[PDB]
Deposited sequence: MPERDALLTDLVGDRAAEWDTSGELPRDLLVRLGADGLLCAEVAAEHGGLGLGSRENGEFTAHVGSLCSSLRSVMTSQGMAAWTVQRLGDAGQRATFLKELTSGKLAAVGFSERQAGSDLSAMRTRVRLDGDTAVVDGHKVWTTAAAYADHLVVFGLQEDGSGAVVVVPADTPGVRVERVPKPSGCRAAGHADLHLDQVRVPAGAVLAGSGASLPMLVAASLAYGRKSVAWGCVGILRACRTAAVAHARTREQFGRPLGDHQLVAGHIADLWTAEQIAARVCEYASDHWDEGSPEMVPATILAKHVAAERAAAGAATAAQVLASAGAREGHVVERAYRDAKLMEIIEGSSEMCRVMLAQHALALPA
């Protein structure tokens, strides 16, 4: 059991969560403690130890129900991955167990550093037994719910470091984004870090490599998660469109019998299949396949959502299709925008024999 559980946990409440702009805190801790939202974490740390396909299809299913909830899973998973990819033995042992005993967020983006991550100015300064982080992050997903804030920044010598900061450490202020356009219940919030003091142990080991590499390591997850999340959006759109198409009648027959509508259904099904295949391929493998999966799944999900909205018409004008339309648009922008994905994939192709 896993998807069935989420179908009923969600069980017809996504619309209200979306319009109210918030997810139940109790649900997230419950899922976190169950190891879900963190499924790929090794069993040694109390994780479920799921592979990329298993966790991926699970992420896709949650995405098909509520993308705000799905976004929390991506943030959770990304934080966990970042710590187990950079942290040491003691660091991974401490943080990973907490992320699977019931919340974290990952903030690297800044007002002046969006697509250009190397433009962030937040600084982390090791000073004896203590680290001092000072900066500001924007649009941090799930930050309004997090206990831990995984913050990226520049050291001093070897620029680029990552620090796990307790949400309640004096000097930190998490200001929720007022009116987010999509994934409205994901708890987006800007982070204000005014001279925050934390143990030197909070700074993950390997926090000495360049700005890229790090971030690139964390973005690998997230891009994979967002890609599967988009497969979920396509699932919800395809199923809602087909349901409307074989039940709604106009001009004396089910909409599905009108070839133009059939065409939309075919394109929705095809989009869903394409996104799944690319996600599966990336999950098997690596960096380019993941960028590719996120890119295609996102663009196809955005197109699919518009197509599904067309099919449902006034009935979809709340709604899974309504939310998919707004949510998918955002997916084309985050975790490496469509434009950045094109520049990166272009660079990849231009380096092939």
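In sequence order, the gaps in C-alpha coverage of the deposited chain fall at 1 to 2, 105, 289 to 295, 328 to 329, 366.
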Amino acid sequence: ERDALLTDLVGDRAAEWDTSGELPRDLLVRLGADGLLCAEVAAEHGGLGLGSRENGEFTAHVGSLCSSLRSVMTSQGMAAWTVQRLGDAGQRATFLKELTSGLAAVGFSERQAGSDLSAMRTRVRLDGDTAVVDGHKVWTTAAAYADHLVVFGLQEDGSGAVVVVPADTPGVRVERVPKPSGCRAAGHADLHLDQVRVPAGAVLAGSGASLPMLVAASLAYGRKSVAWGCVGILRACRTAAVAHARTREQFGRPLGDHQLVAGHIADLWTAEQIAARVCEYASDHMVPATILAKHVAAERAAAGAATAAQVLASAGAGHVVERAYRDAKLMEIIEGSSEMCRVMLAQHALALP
From here on, numbers count along this sequence of modelled residues.
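338 to 346 and 15 to 23 differ in mean CA B-factor, and the higher of the two is recorded for 15 to 23. Taking the mean C-alpha B-factor of each stretch as recorded, 329 to 337 and 6 to 14 are not equal, and the higher mean is that of 6 to 14.
Per the deposited record, 122 carries the highest C-alpha B-factor of all listed residues (122, 259, 247, 76). Highest CA B-factor among the listed residues (272, 190, 157, 280): 157. Per-chain ranking of the deposited C-alpha B factor places residue 30 in the middle third. When all modelled residues of the chain are sorted by CA temperature factor, residue 98 is found within the highest third. Compared with the other modelled residues of the chain, the Cα B-factor recorded for residue 51 ranks in the middle third. Sorting the modelled residues of the chain by their CA temperature factor places residue 218 in the highest third. Remark: residue 294 belongs to the lowest third of its chain, ranked by C-alpha B-factor as recorded.
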